[PDB]
Amino acid sequence: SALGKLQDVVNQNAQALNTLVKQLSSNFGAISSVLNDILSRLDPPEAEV
Amino acid sequence: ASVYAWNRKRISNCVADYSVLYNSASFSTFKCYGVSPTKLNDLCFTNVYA
């Protein structure tokens, strides 16, 4: 634990990036979290929503 | 069958042409919810039930 101060900064940056990439897997109330699935499955009037 | 004993048929291991369902005018209501009607020929499915 000698170099903990640098390791905390590295871990916080990597964890923030990891959470940012994890946010892509959430649909946020939509039918799916994948854009390609929505583009392939729906007409534009529902796809815009 | 009647609506209390509605008949459920599994559809699997087939290639399905849904374009004869869209282009047929015999259906009074042809309404899809989770999928576009014109994209049915472009997608692959499982757990198909009629």
# chains A, B, ... in the order shown; residues from 1 in each chain; ligands from 1
call {"tool": "interface_residues", "arguments": {"of": "chain A", "to": "chain B", "cutoff": "12 Å", "atoms": "only C-alpha atoms", "output": "list in words"}}
result
residues 30, 31, 32, 36, 37, 38, 39, 40, 41, 42, 43, 44, 45, 46 and 47 of chain A
call {"tool": "write_last_selection", "arguments": {"atoms": "C-alpha atoms", "output": "short mmCIF file (atom, residue, chain, number, x, y, z; two decimals), in the first residue's frame"}}
result
data_model
loop_
_atom_site.label_atom_id
_atom_site.label_comp_id
_atom_site.auth_asym_id
_atom_site.auth_seq_id
_atom_site.Cartn_x
_atom_site.Cartn_y
_atom_site.Cartn_z
CA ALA A 30 -36.93 1.36 -24.33
CA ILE A 31 -37.67 -2.06 -25.83
CA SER A 32 -33.95 -2.83 -26.20
CA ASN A 36 -29.29 -1.97 -34.36
CA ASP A 37 -32.16 -4.06 -32.97
CA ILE A 38 -34.43 -0.99 -32.96
CA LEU A 39 -33.38 0.01 -36.48
CA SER A 40 -33.97 -3.51 -37.76
CA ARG A 41 -37.21 -4.15 -35.86
CA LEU A 42 -39.28 -0.96 -36.15
CA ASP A 43 -40.71 1.63 -38.47
CA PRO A 44 -39.49 5.25 -37.94
CA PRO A 45 -42.66 6.50 -36.07
CA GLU A 46 -41.92 4.17 -33.13
CA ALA A 47 -38.17 4.10 -33.75
#
call {"tool": "residues_around", "arguments": {"residues": "residue 45 in chain B", "least_positions_apart": "6", "cutoff": "10 Å", "atoms": "only C-alpha atoms", "output": "ChimeraX atom specification"}}
result
/B:11-13,15-16
call {"tool": "write_last_selection", "arguments": {"atoms": "N, CA, C and O atoms", "output": "mmCIF file, in the first residue's frame"}}
result
data_model
loop_
_atom_site.group_PDB
_atom_site.id
_atom_site.type_symbol
_atom_site.label_atom_id
_atom_site.label_comp_id
_atom_site.auth_asym_id
_atom_site.auth_seq_id
_atom_site.Cartn_x
_atom_site.Cartn_y
_atom_site.Cartn_z
ATOM 1 N N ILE B 11 -43.957 -22.999 -33.901
ATOM 2 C CA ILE B 11 -43.352 -22.891 -35.224
ATOM 3 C C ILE B 11 -41.842 -22.866 -35.043
ATOM 4 O O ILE B 11 -41.303 -21.949 -34.411
ATOM 5 N N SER B 12 -41.164 -23.866 -35.602
ATOM 6 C CA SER B 12 -39.717 -23.969 -35.476
ATOM 7 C C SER B 12 -39.156 -24.782 -36.633
ATOM 8 O O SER B 12 -39.848 -25.633 -37.203
ATOM 9 N N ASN B 13 -37.889 -24.492 -36.959
ATOM 10 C CA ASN B 13 -37.094 -25.167 -37.991
ATOM 11 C C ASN B 13 -37.779 -25.043 -39.358
ATOM 12 O O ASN B 13 -38.140 -26.025 -40.009
ATOM 13 N N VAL B 15 -38.125 -21.895 -42.817
ATOM 14 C CA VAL B 15 -37.915 -20.561 -43.363
ATOM 15 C C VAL B 15 -39.276 -19.981 -43.738
ATOM 16 O O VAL B 15 -40.080 -20.626 -44.426
ATOM 17 N N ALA B 16 -39.572 -18.801 -43.206
ATOM 18 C CA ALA B 16 -40.911 -18.230 -43.245
ATOM 19 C C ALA B 16 -40.933 -17.000 -44.138
ATOM 20 O O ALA B 16 -40.126 -16.082 -43.958
#
call {"tool": "select_by_dssp", "arguments": {"residues": "chain A", "states": "alpha helix (DSSP H)", "output": "ChimeraX atom specification"}}
result
/A:4-22,35-41,44-47
call {"tool": "write_last_selection", "arguments": {"atoms": "N, CA and C atoms", "output": "CSV table (one decimal), in the first residue's frame"}}
result
chain,number,residue,atom,x,y,z
A,4,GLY,N,-0.5,3.8,-2.9
A,4,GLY,CA,-1.9,3.8,-3.0
A,4,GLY,C,-2.5,5.0,-3.6
A,5,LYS,N,-1.8,6.2,-3.5
A,5,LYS,CA,-2.4,7.4,-4.0
A,5,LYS,C,-2.5,7.5,-5.5
A,6,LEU,N,-1.5,6.9,-6.2
A,6,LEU,CA,-1.5,6.8,-7.7
A,6,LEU,C,-2.5,5.7,-8.1
A,7,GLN,N,-2.6,4.7,-7.3
A,7,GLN,CA,-3.5,3.5,-7.6
A,7,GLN,C,-4.9,3.9,-7.5
A,8,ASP,N,-5.3,4.8,-6.5
A,8,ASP,CA,-6.6,5.2,-6.4
A,8,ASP,C,-7.1,6.1,-7.6
A,9,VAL,N,-6.2,6.9,-8.1
A,9,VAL,CA,-6.5,7.7,-9.2
A,9,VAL,C,-6.7,6.8,-10.5
A,10,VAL,N,-5.8,5.9,-10.7
A,10,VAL,CA,-5.9,4.9,-11.8
A,10,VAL,C,-7.2,4.1,-11.7
A,11,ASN,N,-7.5,3.6,-10.5
A,11,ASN,CA,-8.7,2.8,-10.3
A,11,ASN,C,-10.0,3.6,-10.5
A,12,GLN,N,-10.0,4.9,-10.0
A,12,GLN,CA,-11.2,5.7,-10.1
A,12,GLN,C,-11.4,6.1,-11.6
A,13,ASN,N,-10.4,6.3,-12.4
A,13,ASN,CA,-10.5,6.6,-13.8
A,13,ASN,C,-11.0,5.4,-14.6
A,14,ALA,N,-10.4,4.3,-14.3
A,14,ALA,CA,-10.8,3.0,-14.9
A,14,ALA,C,-12.3,2.6,-14.5
A,15,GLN,N,-12.6,2.8,-13.3
A,15,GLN,CA,-14.0,2.5,-12.8
A,15,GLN,C,-15.0,3.4,-13.4
A,16,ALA,N,-14.7,4.7,-13.6
A,16,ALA,CA,-15.6,5.7,-14.2
A,16,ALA,C,-15.8,5.3,-15.7
A,17,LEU,N,-14.7,4.9,-16.4
A,17,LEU,CA,-14.8,4.5,-17.8
A,17,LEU,C,-15.6,3.2,-17.9
A,18,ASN,N,-15.4,2.3,-16.9
A,18,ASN,CA,-16.1,1.0,-16.9
A,18,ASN,C,-17.6,1.2,-16.7
A,19,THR,N,-18.0,2.1,-15.8
A,19,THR,CA,-19.4,2.4,-15.6
A,19,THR,C,-20.0,3.1,-16.8
A,20,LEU,N,-19.2,3.9,-17.5
A,20,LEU,CA,-19.7,4.6,-18.7
A,20,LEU,C,-20.0,3.6,-19.8
A,21,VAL,N,-19.1,2.5,-19.9
A,21,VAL,CA,-19.4,1.5,-20.9
A,21,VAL,C,-20.5,0.6,-20.4
A,22,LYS,N,-20.7,0.4,-19.1
A,22,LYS,CA,-21.8,-0.4,-18.6
A,22,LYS,C,-23.1,0.3,-18.9
A,35,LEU,N,-29.2,-0.3,-30.5
A,35,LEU,CA,-29.7,0.6,-31.5
A,35,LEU,C,-30.0,-0.2,-32.8
A,36,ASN,N,-29.1,-1.2,-33.1
A,36,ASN,CA,-29.3,-2.0,-34.4
A,36,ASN,C,-30.6,-2.8,-34.3
A,37,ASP,N,-30.9,-3.3,-33.1
A,37,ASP,CA,-32.2,-4.1,-33.0
A,37,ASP,C,-33.4,-3.2,-33.2
A,38,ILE,N,-33.3,-1.9,-32.7
A,38,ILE,CA,-34.4,-1.0,-33.0
A,38,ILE,C,-34.5,-0.6,-34.4
A,39,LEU,N,-33.4,-0.3,-35.1
A,39,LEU,CA,-33.4,0.0,-36.5
A,39,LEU,C,-33.8,-1.1,-37.4
A,40,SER,N,-33.6,-2.4,-37.0
A,40,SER,CA,-34.0,-3.5,-37.8
A,40,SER,C,-35.4,-4.0,-37.4
A,41,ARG,N,-35.9,-3.6,-36.3
A,41,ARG,CA,-37.2,-4.1,-35.9
A,41,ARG,C,-38.4,-3.2,-36.0
A,44,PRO,N,-39.9,4.0,-38.5
A,44,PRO,CA,-39.5,5.3,-37.9
A,44,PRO,C,-40.5,5.9,-37.0
A,45,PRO,N,-41.8,5.9,-37.1
A,45,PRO,CA,-42.7,6.5,-36.1
A,45,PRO,C,-42.5,6.0,-34.6
A,46,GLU,N,-42.2,4.7,-34.5
A,46,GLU,CA,-41.9,4.2,-33.1
A,46,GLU,C,-40.4,4.2,-32.8
A,47,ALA,N,-39.6,4.1,-33.9
A,47,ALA,CA,-38.2,4.1,-33.8
A,47,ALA,C,-37.7,5.4,-33.2
call {"tool": "residues_around", "arguments": {"residues": "residue 41 in chain B", "least_positions_apart": "6", "cutoff": "8 Å", "atoms": "only C-alpha atoms", "output": "VMD selection string"}}
result
chain B and resid 16 to 19
call {"tool": "atom_distance", "arguments": {"atom1": "CA of residue 33 in chain A", "atom2": "CA of residue 49 in chain A"}}
result
13.1 Å
